[PDB]
Amino acid sequence: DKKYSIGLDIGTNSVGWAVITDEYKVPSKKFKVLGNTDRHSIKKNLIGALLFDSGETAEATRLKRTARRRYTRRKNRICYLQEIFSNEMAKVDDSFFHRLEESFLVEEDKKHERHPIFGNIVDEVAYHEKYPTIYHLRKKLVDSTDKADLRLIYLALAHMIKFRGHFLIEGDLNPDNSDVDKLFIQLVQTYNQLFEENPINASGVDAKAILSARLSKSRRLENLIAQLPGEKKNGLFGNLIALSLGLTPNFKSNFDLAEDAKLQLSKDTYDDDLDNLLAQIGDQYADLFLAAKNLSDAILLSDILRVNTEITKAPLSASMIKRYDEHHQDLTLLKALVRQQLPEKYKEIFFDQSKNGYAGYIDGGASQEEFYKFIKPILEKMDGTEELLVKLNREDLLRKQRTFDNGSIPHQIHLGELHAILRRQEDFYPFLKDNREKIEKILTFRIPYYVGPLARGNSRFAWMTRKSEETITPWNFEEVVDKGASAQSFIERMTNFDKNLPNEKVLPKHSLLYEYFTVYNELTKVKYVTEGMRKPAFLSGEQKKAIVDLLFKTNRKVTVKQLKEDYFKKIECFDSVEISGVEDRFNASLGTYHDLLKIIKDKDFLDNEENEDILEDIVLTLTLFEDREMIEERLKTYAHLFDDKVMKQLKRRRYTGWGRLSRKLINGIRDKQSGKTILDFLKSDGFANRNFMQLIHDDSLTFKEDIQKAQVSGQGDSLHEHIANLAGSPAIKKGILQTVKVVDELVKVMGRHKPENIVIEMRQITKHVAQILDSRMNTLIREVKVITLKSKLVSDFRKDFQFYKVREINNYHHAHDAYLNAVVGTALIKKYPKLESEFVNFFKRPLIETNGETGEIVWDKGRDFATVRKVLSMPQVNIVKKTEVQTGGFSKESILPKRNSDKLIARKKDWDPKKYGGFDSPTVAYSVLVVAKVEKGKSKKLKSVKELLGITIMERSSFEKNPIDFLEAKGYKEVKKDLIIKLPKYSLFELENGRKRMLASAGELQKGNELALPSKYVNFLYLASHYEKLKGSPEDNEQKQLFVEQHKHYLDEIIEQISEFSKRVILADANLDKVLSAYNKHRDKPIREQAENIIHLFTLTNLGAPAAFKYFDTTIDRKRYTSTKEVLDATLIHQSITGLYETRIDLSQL
RNA sequence: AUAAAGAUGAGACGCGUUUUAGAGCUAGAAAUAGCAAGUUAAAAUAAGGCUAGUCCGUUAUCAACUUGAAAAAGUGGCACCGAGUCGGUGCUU
DNA sequence: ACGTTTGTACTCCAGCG
DNA sequence: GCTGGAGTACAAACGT
DNA sequence: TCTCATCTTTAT
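Those letters in the first sequence? Residues 2 to 763, 925 to 941, 949 to 1009, 1044 to 1046, 1059 to 1365, per full-length UniProt numbering, in order.
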């Protein structure tokens, strides 16, 4: 029944906790120990920290999952092309697809001839001679008109299908135009033809170098207009140029159209927006936009095709053939020139795969930048290498075809080459003539966003709904999938539910009902006073309705002067009118009413009451959807009510935005007696004219009980689920959840007594922590107080009062920050209970500080300082590393090549790692203690053993299905199930003399002991290493410097401390001897440098993984415990989250 | 109202890696030496799973024991003197 | 006595734009 | 980056 | 690397 308090310091990787008293004294309690060990009770202190690894975002998982989906859909694409080709393929060469399938296989494992394409050596060699790359075949099948083998058509087809490029440019792309300057001259000619008053002169302009330059497109446009004599980027020529490069121009102010009329060529909406602009001004500018489109194609195609087009129909394949030819000629010239001038470095350049020469370029792993960096100094120290250097600075020397520049290739180039192939070979094989649009669709079918993963219901990420029950193919995607419903579900599954009624969706922000609510909610607070009126008056219902029907209904924005004149003096005949409660600018305006009115040109439609639901459906359609036909499909349900032009204007309009207040909140819930909803209340409340918040906070109204009935339904959520819906990074969420369970266990330990302070430090996230812990404790006034502090408030209490924190010494500092937090929070709430709103030098002055009424233990300047120093000097602090089963991916992602090892993991089931390579370095989920008998030696005796067998993440399910069979498959016989112990990572083992080790794997350990350095040495280290510079006053920091330069024996005493603690627990002999030798070597450096590097010295000592530290110039590599045989006969400790509750298992008894 | 950042989800490219294909030639008995060539493709890209889908498979949660279908629940006196990872003393239980 | 096993110290390595 | 896996070279220890 | 949606939080 002793009053207490809890201090907490929450971090991304650590949560510290402590318990304070009113005397500010960490209590010490005896706790019972379970298990089979001799020890039964441990006195432990009520201060400690929990350490864990950081919680990870789901972005990496989303990236991996999207990659898996892309590989599955690509394999489906080759599968579809194979089903198309199969019937004739069996006629010409059966099992060709089979030979391609088993291409990744050795000859011992294949079932056909090793050559994939033709099935014999001679035609394979002849094919590789005729087409050295696949682009040679692609250019041939596009250009030639003779009949070719079906295998070659399929090969080019599947290459085009598998690497089909990007979908960033929507519309059509015509590769026939590729000259930037020719279409620039055409643009100038068309502009001068239409516009004669101010013609544009652009003769003598290097259009190719400007418009295809490598810098940004905005600066490209700026460079272009700077050269232009007397033109503006906002002008017509500048706007056309910006439209050609792709930056969106505004055509409003130039044609004076009063609508934005933005045109972007990469968007499919541009055709209909161009139709809009043609309807606005006429068709005489259509040739100008056509020439702008051609000029855009000239810019966007010359950067990648870089070849003549008048001679071929596949200019990308022509570009790759040209690149191969330049590579061949330049390689021949380079080989001859190196063999002539520098014959010694021919084996390095052309034979050595380890170096970054041409052998490293081709056979090795060297990239293009690395090879250029290697070969450029070689070319400088030679003659006749001017052209090679010219192409090297242009990044066009010895270039590969499958390079990273291929990411900018549109899918239109591959589609056009594919179309050319089908048009050339349709007359010989009729099946491509009959299946032409099928293959073109297979390339150009991309599942849209707003359509979920094409599932049936066993998916957690899917929202897509089905019209039929047929399998979704590339061709019946628009017949099985309801695209409008799926897009609505896409928007709705992420949009919010309103907080008052959690099972109901929100309306769009530009809904007219929300707009009526906002306009009326602002109008009901409108105050006005007139001459002759004693007190100013809430507006009555007819007054507010008249304002809405005149000033609001005519003007988009209504000001105070408009009210005071146009209603109050014009109609109410009051001139001396003043207002309050509102500003000059009304926050709520009825924008959607005016915009929709200007769309339709009808006023009697909207002011009717029975049609408002259909207009709500139009604003829903205009907020949800951003495909044009997918808006038009929903607008076609109301096709009868308006004109064609009206709904083209409706289709053209779009509202982005969602509100937070739903519609059954407004025209829904109603009083049990009156039967009017809150909008009907807000239309005519009476003299009271109350607004929304009180109508949801009125005790007499039944709205209050309905919304609490809505909030109670569902019972909120569980602790982890309520943690999940919060904002912020998942790591801080993990820290908060550990904090909540730490508080729960701390309350449990004390005898189920709750403390009337909980002190927290880490803004809105912290207010949410205060909310959840306040709800957990007080179960509605705050019987338990929750106080949130800041890092500055304790940093000050440490810098001013010599309570410095060297974090590199030990992990006790989280617990000590928590205890301090408790100290200062309780002292502040006792000292100033008036200033609890912001939280829920008093440290001459009285020795026992007091507020003046009940300052009993506010801050006594004696005792309390001594007690806080004793607490911060306490050797025993329960540091707990949270034991975690490691999850994630199994093994490193690198596919290492073939070698004769047992540590290579197979990439499939039939892929023997010695033959096919495989992954390596698996990750253990947890280790298990196996006590069995393994056959040893050639006499195969049942030698009983006790070993740790680490279960990797890939084998966790197989182990947990049946441990006995899995251990017997490993080789352990007569296994004893009752002694199988699940040992996760960070499991603690106490071996001898207090030496504790934490499990890292089945073959490695971590140091698990903490160095409690005497606090005098800690303060001397912090002052001497100048940690956080110097915060004391010049006299005080002068005395601190004197302290530093007079207690220099502390340096050797701390070295003795590290040496003693290392020789007791951290059994690293050589590193400790190097530590002492390097201390003796640098014993003459100034005290600051020495103490800072002694602060570095604690890495040999800190709990966790051993890591390399650096003492001045000497660095020491880590001592690692690369076998776990010692903890097999040690005391295994199971620790609670606070660690006060323990269970010790003596493993040497098993 | 504007901007930035973060979180979550979906749709897409490009590259990398791996095994195989792209008959290497001459002088020798070989070791090896000299020369020629090099730019591409197929397949896989977590093993795999059943619910067999253009699905899912690397996030969050996780001391022990007991009740357990699970979720979840239950399981362990206090005070004082001190401090090298917590120890000792007394009483109740 | 001597031939396989475990410790110890050191090195490199880790899918990305 | 961290930190756990793997290979290598070499010696001490175990076991036959 | 690319495209898109939804939300929140902070600063102005």
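Idealized CB from N, CA, C, for every residue including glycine.
Burial state of residue i, where buried means 16 or more other Cβ atoms lie within 10 Å
| i | result |
| --- | --- |
| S469 | exposed |
| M1213 | buried |
| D257 | exposed |
| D499 | buried |
| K652 | buried |
| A728 | exposed |
| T58 | exposed |
| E232 | buried |
| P1321 | buried |
| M534 | exposed |
| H41 | exposed |
Integer-rounded CB distance, given that residue j should sit under 8 Å from residue i
| i | j | result |
| --- | --- | --- |
| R221 | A214 | 6 Å |
| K1097 | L51 | 6 Å |
| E1205 | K1197 | Not quite, the Cβ-Cβ distance comes to about 19 Å (not below 8 Å), so this is no contact. |
| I1094 | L1228 | 14 Å between Cβ atoms; not a contact. |
| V743 | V16 | 6 Å |
CA nearest to the CA of residue i, picked from the options
| i | options | result |
| --- | --- | --- |
| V1149 | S245, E1162, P431 | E1162 |
| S1142 | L1182, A315, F1134 | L1182 |
| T38 | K1124, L1365, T1346, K749 | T1346 |
| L642 | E232, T624, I615 | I615 |
| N522 | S590, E480, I1270 | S590 |
| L158 | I170, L169, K141 | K141 |
| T995 | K929, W1074, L1282 | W1074 |
| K562 | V583, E543, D550 | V583 |
| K1129 | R1114, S1277, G361, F569 | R1114 |
| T678 | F518, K294, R115 | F518 |
| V1139 | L1164, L1119, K1123 | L1164 |
Alpha-carbon to alpha-carbon, residue j and residue i
| i | j | result |
| --- | --- | --- |
| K536 | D700 | 28 Å |
| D150 | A127 | 14 Å |
| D1180 | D1344 | 26 Å |
| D304 | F97 | 38 Å |
| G485 | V620 | 15 Å |
| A208 | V181 | 6 Å |
| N1286 | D1328 | 15 Å |
| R152 | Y286 | 49 Å |
| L1203 | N14 | 19 Å |
| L237 | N255 | 7 Å |
| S219 | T249 | 11 Å |
| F352 | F405 | 25 Å |
| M90 | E327 | 36 Å |
| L156 | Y594 | 59 Å |
| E427 | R74 | 27 Å |
| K1278 | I1269 | 14 Å |
| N588 | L169 | 40 Å |
- Item | the stretch 306 to 318 / the stretch 129 to 149 touching (three or more Cβ pairs under 8 Å) | Because the criterion of three Cβ pairs below 8 Å is met, the stretch 306 to 318 and the stretch 129 to 149 touch.
- For the stretch 110 to 128 and the stretch 63 to 83, state whether three or more C-beta atom pairs, one from each stretch, are separated by less than 8 Å. These segments do not touch.
- With a cut-off of 8 Å, do at least 3 Cβ pairs link the stretch 283 to 301 to the stretch 170 to 179? A contact between stretches requires three or more CB pairs, one per stretch, nearer than 8 Å, and the stretch 283 to 301 meets this requirement with the stretch 170 to 179.
- Message: Under 8 Å: do the stretch 414 to 430 and the stretch 448 to 467 share three or more Cβ pairs, one atom per stretch?
- Response: These segments do not touch.
- May I ask you to verify whether the stretch 1230 to 1245 touches the stretch 1298 to 1308, counting CB pairs closer than 8 Å and requiring at least 3? Taking a cut-off of 8 Å for Cβ pairs, the stretch 1230 to 1245 and the stretch 1298 to 1308 touch, as three or more such pairs fall below it.
- Task: Kindly confirm or deny that the stretch 1219 to 1226 and the stretch 1334 to 1344 touch, where touching means at least three C-beta pairs closer than 8 Å.
- Result: Output reads yes: the stretch 1334 to 1344 touches the stretch 1219 to 1226.
- Message: Any contact between the stretch 652 to 666 and the stretch 504 to 513? By contact I mean 3 or more CB pairs, one from each, below 8 Å.
- Response: Cβ pair count under 8 Å is three or more, so yes.
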